[PDB]
Each structure stands twice: as structure tokens, then as C-alpha cells.
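In: coords please:
(6 chains)
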Amino acid sequence: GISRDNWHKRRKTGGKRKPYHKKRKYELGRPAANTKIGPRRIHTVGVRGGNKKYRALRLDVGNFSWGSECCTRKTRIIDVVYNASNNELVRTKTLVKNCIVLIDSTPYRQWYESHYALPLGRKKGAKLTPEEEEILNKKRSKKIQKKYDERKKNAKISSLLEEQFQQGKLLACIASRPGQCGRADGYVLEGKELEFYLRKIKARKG
Amino acid sequence: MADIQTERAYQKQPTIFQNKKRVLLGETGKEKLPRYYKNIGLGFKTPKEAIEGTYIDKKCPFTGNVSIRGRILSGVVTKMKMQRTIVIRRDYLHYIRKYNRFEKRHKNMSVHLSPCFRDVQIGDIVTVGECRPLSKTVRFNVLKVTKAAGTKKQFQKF
Amino acid sequence: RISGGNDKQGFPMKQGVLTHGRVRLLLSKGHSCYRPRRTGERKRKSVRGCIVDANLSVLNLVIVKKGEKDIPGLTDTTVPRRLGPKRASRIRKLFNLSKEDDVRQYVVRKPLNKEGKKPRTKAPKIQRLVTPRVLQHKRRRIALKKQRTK
Amino acid sequence: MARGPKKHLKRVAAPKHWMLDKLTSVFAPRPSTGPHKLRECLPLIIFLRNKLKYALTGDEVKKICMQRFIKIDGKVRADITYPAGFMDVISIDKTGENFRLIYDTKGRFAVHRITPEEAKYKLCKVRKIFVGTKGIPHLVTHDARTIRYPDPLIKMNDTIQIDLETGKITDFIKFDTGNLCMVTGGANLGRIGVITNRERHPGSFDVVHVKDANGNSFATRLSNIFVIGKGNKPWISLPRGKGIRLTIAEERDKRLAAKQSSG
RNA sequence: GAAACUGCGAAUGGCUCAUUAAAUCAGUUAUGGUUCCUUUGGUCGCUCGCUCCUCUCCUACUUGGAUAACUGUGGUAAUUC
RNA sequence: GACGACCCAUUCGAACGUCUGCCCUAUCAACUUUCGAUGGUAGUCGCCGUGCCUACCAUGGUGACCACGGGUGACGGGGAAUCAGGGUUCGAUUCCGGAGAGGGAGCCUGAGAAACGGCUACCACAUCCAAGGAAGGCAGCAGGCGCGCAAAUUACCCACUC
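Out: Numbering: from 1, shown residues only, chains lettered A, B, ... in the order given. What follows is the structure:
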């Protein structure tokens, strides 16, 4: 119906070619996923040669990663901020490859606190002392220090990172096609990208 | 080089990561970027200029994804007025067997040109090679540029 | 209970087709009032709604609750159902056998009344009943797996 | 016509090395899918009534194959058509006969009878090396056998002896200059001669010179060469003709010399 | 052993030349840009987890519940209804 | 032994893409573009590559070496008739490739179809009816009407070839 033909469209000279063969099943469209954020709705689509293709509508979880220290945990996908293909897609909260979105930022802290033995940015130390100090202080004899010594000075954590934990959000990059895969996935922004997209955000809105 | 972004998106090479390990350079140092390149094979050699320089392009074969496989051809420059591509020409001779004469015919083709080559001028010989499609009228990329023909680009004392 | 019937001009009645008009619905396998003559085939026949009127030829009423009286031409007449089960586990549930009792004589025996020769008693063939042959196929199934690993 | 795959091949579309006529009807057998390619096959039924003439009609072959007197590559086959090709062994055990499919210098599949002892193995070219899962290697051959754990010096364009009984190759030949080779396709076909020289081009369609023991030099593409044994010493039995590739004048001279058309 | 469910084929063939001027098509090349019923050859035990909740005998000596043919009653002027 | 299933390889292919090759016409010389024309960047879609499609951005692309437009009683090729040499003319038609099943469009099933001996709708036709409705597509083999200068049996049979 809606098709992805190539026997339409002008040649280089501005010429036209007269109608040749009728539309066929291997040149075919099928309308866009237009996936949002919400409760999971998945549809299974039969596709050529078999080998079913998953189309995801309204995901709310993706597997992001923090490849700086190589941990990857499942985290909720809150809202869109920047979509580098169009401005309109952000307004209706459409989710596609290479967007910039927000997450809860929760397990990354839990991992950091247990492994590097330090909290991130904090409102107050009063919260920590009755519980959440129980993990941070430890009763080991022998391997209070012995393990943790090797973790020291490999946890400088950068300025633009640390400030974001306090808000409870982090900026990560969709590196999947949700409409073809059936899953959202990605990597979290680091380095110069994370400097770049801040400037685009503050430029465009506000 | 220090600016290579003018898009609404960030530009970078695949197969590159930015580590956050160690901290001590003093003033400056590693630009926090190792360069990516690869061999092309077939007796063609990567330019020094590619490995030196900084550009992000995915359609050149010295950096980005695209193979050269199948045919290899030549041509000549005729025009450049487009960004990251050129136009070229192929002069050749068509024979007729009723007569015993030939006649001239030419075709024109576009082909993509790397930001690596920037010494191109209109009238240089160029070499190209078969590739997977990049665009509607581009199927090729440059492998090499040369000048080795009459009325050279600069005075003889080389 | 009314289970449906036939409109005048023979158009049948199905469920989920509110009001009484005559509507042409797309039909396919797994719907009322369709017979496929080819796989994936879809026709668009006319049918008629649920809501009863006097525009109908005949209705089918199923007796659900039985009254005090006995209507002479139907409920006084008594006809037994024909067939017992053909499957194993239905025989187990029916006559309330244990797991260990070895069913082999708890089948219904269906009489052949006459044939001018002698009367037969027929039985069906049990399915999902373990026999020695079954167990061989499962023993050879595992023998190959071990042989493969070796 | 086409919307999916075809299931007919006619007489006149079919190759000429099955030596078909033109006064039986429009259709020809067409080999069904298998390990060999249809411009390199000899279909089974063409061996049984257009060569050896046991059968006379296709219905007879259907009554023969069902009895399971036929084998191919030491296994039992039971269909009218099977696509046996170069270097396979047919085995009828009732007659005590064994055949081999190999090329005449004319370039067509001949009758090359052999001892049953010879018919316990065949010679197979390697074409592709492919590392499978968890550090296990594979071979790929033209008869489409995947033989795992080969020796780690065997590479493509070598040939390997396979025991039909147990698979799992016992020995091999290594591709080297001066070894004896047979041709399997192209304009030169059925010629036997030593390698002599190689030629390489980066790209494709490398060629391979050849020279025989009649003092003639010729060349062919790389991928039409098959190795048969070390220099002037085949590790297989050879038919009459022996890759000489006589001119037409000399062939005339032989026939009028023996005066041979009667016994 | 009729009938009926199930699997497979019906996209092959046969026919026509209306459309179609770099299109079709032929020679030459390319999938390192991809899909592939079927045949042939290999692949065939975590993978270590019975993790249920009934509080541990657990259907694995084999688990769950409906439809046709069939039997019987019908509607329509008419249908492979 | 039989059947089924996951993946890899193989076979039969399928689908896109490279270079070169075309009949008549200028009383057809400028053509193509936000109704994407050419390119760049990102995304969607698709079996995959790709302006295929969308957003943003650039202004290109093609032509006297004949583009663009129009015409063709133009399906293409393997070939055929004539012929000293060079040519000229024909190729609907038994092999191969392609396109189409009254005209258009959409779609189900399947590994493979935008299928017509599958389906749905519109349009042009034509059939039955108790007037409520229902059913159809011979460019398959025969056969009929019509059209014309112009073209065969409503025959016999799966034995051969598949």
C-alpha cells in the first residue's frame, strides 16, 4: 500500500520514466512505530522469510551502562529532553535512536557506594548514619582495608557527573531502535558529548 | 579540528571511547583522542594526512565504513561545486562495424571525495573504485589523486 | 435459553451483532457461519442480528430448567448417550481408578446388534496409555544423548 | 512466469554432457537439490538407462531404487534422481560392481569401474575454513561434508582422503608445485598434468599453469583445479585416455589403424 | 476400510504480447549490503537453576480441554449457503 | 527405522548494485526543485544498501558528444530471409529473460504471491430471482458469436516424457 519503491522518482536529467511493474511485497512500508514512554505494549509483526520482528510501543525501561567503570544496570526512562532529528518529537515525547533522555540514576550509586566505598553528592550526612552507614562502615577484619585500598584513587569522579546525582537524574543516549528490536538500550553520556548537549539544551529551551 | 561540529548532533568516530582513568598531564597533553584508520589493500596506501588530521566522515574508506571491492577505474576532474563530492568524466571511443571509424562519447559520474584530499584542482587525474551505494548517484569513492599529464599545475622545477 | 435461529430468507443469527438489521461482515476461520474452502480465505457474507422480532422463521430454544410437568413428546422419551471415552485419563476420572490399577478392562463395550453372522462388541483404542514399547523409545532417546557426549 | 522457484528443466535447456537426444519429449530429469551443482551433476536415472541400459523407462528405475540395491557414497539412496557428481562412488553390491564418476578428456562422466577396495574412500577438495563456536574448527568441501577437527596445516585447495565408513579423514595431500592435478571445469576439461607454476593477482580470478607429459602447456582458472596425487603419481586409479587431449587428426589415425568397429 | 481432522502441493506448468526506448534485455561483474521452503553434511544434557509453595512424594509408567466425521432436529425461491 | 525442531554449512534460487551496448523525430533546445530536483547531517521504515521516506541545512544536477519532449502496426535476446566483398530487411511465434490475466486499487495465507483455477471494493459488462437476495471473468484445452483478405476436433489416452 504505502510503499518503499524505487521505480518512481526522476533520474538525473530531470527525465521521467513511464509506469513499469505493479507494486510488490518486498517493496513495502508499514507505518511508523511512534513509540512513547508509558506501560509496555508490544506487538509481534510477521516479516519476510519468517523471523518475527518486535515493535515496542510505550517502553519505560532500558538497559543503560556506565562503561567508564563497566557496570550496566536496568533503570527507568523518565522523559525526553533532546532529539537531534527534529524539535517536534520532543514535544510529543517520542522515543527513537540517538535521543537524550533522563533516568532514575539509582543502582549506579548503590554499585559505587559498595565497590568504591564512598557516597556521591548528598544533602546531609544525618540520613546516612542510622542506615546506609551499615554498608559503608564494615566489620571485616581483614578486608575492611585490604580490598578497598585498591579501589582508592580510581574514583575521582568528574565534576559534571557528581552534580547530576543530587538532582537524581542523568543524561543517557538511546543506542537502539525500539521499533525494530522491541527494547530500549543505550550508554550514558561522558566526556565531551556531555558538555555538548548541555549547551544545546540551554540554547534551545529556556 | 578544534571545531568540527556545526550540526544539531555530535560527531565522532565509532570504535573510540573516552576513559576517565588517571589525572595528571600538567597544562595539556593527550588530546583525549586516539585516531582510527585502516589499510585499504590492493597496493593503495593510506595518506599521512588522514592519520595526522581530524575530520569525521563515514563515507571515506580511510576512516569510515565502506569497502572497495570489485572494479577499479580512473577518470578526470571536470567540476567541483558540491560538498564532500565531485563530478568526473570518462572519455572513450565507440566503434561502428559498418564503417571503420570511431567516434567520441563521454559520460559523467559523481563520486565522493574524502576531506583528506584538499589539494584537488579542476583538471587533475583521479582514480576511483567500486563500492556499495552511498547516495542516489554515488557508488564510488576516490582511492588516489595524481597529476602526470600535459600542462602541469605548477612550473617545472620539482 | 434461546440459542439463536434463522431469519426469513435463511440468514442465520450470531452473537455480538446488536440490533436487527442485515449486515455484511467480514468472516474468516474461527467465526460463526463460515466454511473455508481454502486456507486464509475471507468472504463477506450477510447475517442478521441478535435482537428478536417477529421477522424470524424459527428459533431454537434449549431446555435448561425442567418444570413440574413432563411434556409428552420430549421429556418422557428417554434416549441414552452412545459413547464412552477413547482416552486413558477420562476412564481414570470416570470410574474413579487409582494411579495403580492398570486399566485394561474398564472400557465400554459397544454392541454390534446384528450382521447376519454374530454380534460383535466393539471398543475404541486407548491413547496415552504406557506400554513397554513406549518406554523403549524413551530409553533409546537417552542412550543417544550419552553416546553423543562420549 | 516466476514468482517462486522452478521445478522443471527441459531437454534443450539441459547440459550437453548428459548426452541427451531430441526425439523424446520436451522435459528432462532435472536433479533435485543436494551437495553438487547441476552443471556438474550426473543425475542417477541418466546412469541407469542412458549409459548402462539396465532400465528402459523411468518407471523401472522407481521399481529398482526401492529395493535398496543402490548406494551412493556408502549410504543408501532410494529416489529416481540424486545429484552425484565428480568424485563419488556408486556401489551395487548384488552385481559386485563399483563405479567412479570421473572425466574423460572429452569432458563427460565416463564408466570407470574399480575394485571394491578402492571404493571405500574418495578424494575431497577443501574450499573454506570456518572457526565454529568455542574454539572448534571446521572444513567445508565440494561434496558438502563438514568434518570437524582437521589437522592444523590443511588449507583450501588441498585435498583430503575421507573414509566413507567413519568420516574423519585419515590423510591428505598439500597443494604444492609439481603435484599432479585434474581439471573439473572450464574449456580444458579432463586433462591431467603437473602444476608447474602458479600465478597470483590481488583481486580475483588467479590462474594456474599446467603442463602434461606430452609436452604441452595450458592454463585454467584456480577454482577449476583439483589435486589427485603427488608428481606423476596419482593416489587414485585413472581411466584410459589419461589427459592426453589428442587432436582430431590423430584420433582419426587410431581408428583406421586398428580398424576397430567390430570384434 | 468410505468419511473427517492433520501434514504437503496448488507461487510449478500452460497462455498472450497489451504495457514497456538506458526501461526491458545481452555480455561482464558485486553482496565484505542481504533473504532462502527443500536436499545433503554437521549441531542435539543447566545451560547446574526444579528456583514451585501445597510446606514439601512432585503426572513423568506420559499432563490439560474441545471439534469434525457420526447420531438426531431444522431454515431459505436459490448457492461447494 | 519414521516424524518433528534450533543453529551453521550446502543446493535451488530470489533481490538490489557495477561497466559497455538502442529505432524514428529539432515544424521538440533548454530541462529538473519543496508537489525531492542534486548533495550533506540525523532519524524512521525495509530482508538489506539507498532521498525510499521525514526533519534540518546547502544549491546543485543535465544538455549540440542531442538532453528534455513527441512518435513507434517497439516486448528483449539466442536467431531468420537475401547476399561476391561491405550490407539490407525481419524477429507475435516451440529455448532463455520480462510483463499481464475485463479496467484500477487494496489485502489475506505462506519460505516464496501484491496471486486472479485466492479474497475485498470501485468502474465498465453480463446472469439468476418468489424481487427479500445470490452468483461470474476461456490472453488454459476444445467450442460459439463478432471482426475481418485471413486460420483445425465440444476426438482418444497417462503407455512414453516429466
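In: specify the local secondary structure of the nearest residue to residue B:103 once chain neighbours are set aside.
Out: Counting by Cβ to Cβ, 6 or more residues apart in numbering or on different chains, residue B:94 is the residue found nearest to residue B:103 once chain neighbours are left out, at 5.6 Å. Yep, even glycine has a C-beta here, placed from its N, CA and C like the rest. Here residue B:94 is strand, with the state taken from DSSP: H, G, I helix; E, B strand; the rest coil.
In: now do the same contact list for residue B:94.
Out: Contact partners of residue B:94, counting by Cβ atoms under 8 Å, 6 or more residues apart in numbering or on different chains, are B:102, B:103, B:104, B:105.
In: what does residue D:255 give?
Out: Residue D:255 is in contact with residue D:261, counting by Cβ under 8 Å, 6+ apart.
In: how many residues are close by residue 119?
Out: You didn't pick a chain, so chain A it is. As a burial measure, residue A:119 scores 16 neighbours (other Cβ atoms under 10 Å in any protein chain shown).
In: think we crossed wires, I meant chain D
Out: Neighbour count for residue D:119, taken as other Cβ under 10 Å: 20.
In: how near is it to RNA strand E?
Out: Taking Cβ to the nearest atom of the strand, to the nearest Å as the measure, residue D:119 falls 17 Å from RNA strand E.
In: so that residue sits against residue D:89, correct?
Out: Yes - using Cβ atoms under 8 Å, residue D:119 is in contact with residue D:89, at 4.6 Å.
In: which parts of stretch B:107-119 are buried?
Out: B:109, B:110, B:111, B:112, B:113, B:114, B:115, B:116, B:117 (16 or more other Cβ atoms under 10 Å in any protein chain shown).
In: near RNA strand F, which residues of chain D are found?
Out: D:1-6, D:8-10, D:12-13, D:24-30, D:33-39, D:45, D:57-59, D:83, D:128, D:130, D:132, D:140, D:144, D:146 (Cβ under 7 Å from any atom of the strand).
In: buried among those? Need that as a selection in PyMOL.
Out: In PyMOL, a selection of the buried entries from the residues of chain D next to RNA strand F looks like this (16+ other Cβ under 10 Å):
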select buried, chain D and resi 28+29+30+34+35+36+38+45+83
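In: among the residues of chain D next to RNA strand F, which are in helices?
Out: Those of the residues of chain D next to RNA strand F mapping onto helices are D:45, D:58, D:59, per DSSP state H.
In: between those, which sits nearest residue A:55?
Out: Residue A:55 has its nearest neighbour among these in residue D:45, at 50.2 Å by Cβ to Cβ.
In: where along chain C do the helices fall?
Out: Under DSSP H, chain C gives helices at C:88-95, C:132-149.
In: quick one: the longest one to chain centroid distance?
Out: How far helix C:132-149 lies from its chain's middle: 36 Å, per Cα atoms, centre = their mean, to the nearest Å.
In: now check that helix, is it near chain D?
Out: No - Helix C:132-149 stays clear of chain D (Cβ under 8 Å from any Cβ of the partner chain), getting no nearer than 13.4 Å.
In: before we move on, which element is residue 125 in?
Out: With no chain named, the answer covers chain A. Element membership of residue A:125 [criterion: DSSP states H and E] is none; it lies in no helix or strand.
In: let me rephrase: I mean chain D.
Out: Element membership for residue D:125, per DSSP H and E: strand D:121-132.
In: what packs against that strand?
Out: Counting contacts by 3 or more Cβ pairs under 8 Å, 6 or more residues apart in numbering or on different chains; DSSP states H and E, strand D:121-132 packs against strand D:136-141, strand D:159-163, strand D:225-229.
In: ok, what's across the strand from residue B:91?
Out: Beta-bridge partners recorded for residue B:91 (DSSP bridges): residue B:106.
In: how close does the residue in chain C positioned nearest to chain B get to residue D:206?
Out: Scanning chain C for the residue nearest chain B gives residue C:40, at 36.5 Å (criterion: Cβ to the nearest Cβ). Distance from residue C:40 to residue D:206, counting by Cβ to Cβ, to the nearest Å: 52 Å.
In: who's more crowded, those two?
Out: With neighbours defined as other Cβ under 10 Å, residue C:40 and residue D:206 compare such that residue D:206 has more, 13 against 7.
In: okay, now the closest residue to the more buried one other than its chain neighbours: neighbour count?
Out: Using Cβ to Cβ, 6+ apart and skipping the chain neighbours, the partner closest in space to residue D:206 is residue D:222 (4.6 Å). As a burial measure, residue D:222 scores 15 neighbours (other Cβ under 10 Å).
In: repeat that for residue D:141.
Out: Count around residue D:141 with other Cβ under 10 Å applied: 19.
In: show me what contacts it?
Out: Applying Cβ under 8 Å, 6+ apart, the residues contacting residue D:141 are D:124, D:125, D:126, D:127, D:147, D:160.
In: in CSV, list those along with neighbour count.
Out: Formatted as CSV, the contacts of residue D:141 follow (neighbours: other Cβ atoms under 10 Å in any protein chain shown):
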residue, neighbour count
D:124, 23
D:125, 22
D:126, 21
D:127, 14
D:147, 18
D:160, 22
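In: nearest to chain D: which residue in chain A?
Out: For chain A, Cβ to the nearest Cβ, closest residue to chain D: residue A:24, 9.8 Å.
In: measure how far the strand holding residue D:125 is from the centre of its chain, please.
Out: Worked out by Cα atoms, centre = their mean, strand D:121-132 lies 16 Å from the chain centre.
In: which residues make contact with it from outside it?
Out: Contacts of strand D:121-132 (Cβ under 8 Å, 6+ apart): D:73, D:87-89, D:137-143, D:145, D:148, D:154-164, D:169, D:226-228, D:235-236.
In: recalculate using a threshold of 6 Å.
Out: D:87, D:89, D:137-143, D:156, D:158-163, D:226 (Cβ atoms under 6 Å, 6 or more residues apart in numbering or on different chains).
In: which phi and psi does residue A:150 have?
Out: The phi/psi pair for residue A:150 (degrees, to the nearest 10) reads phi -80, psi -20.
In: near it, how many residues? Count them for me, please.
Out: 8.
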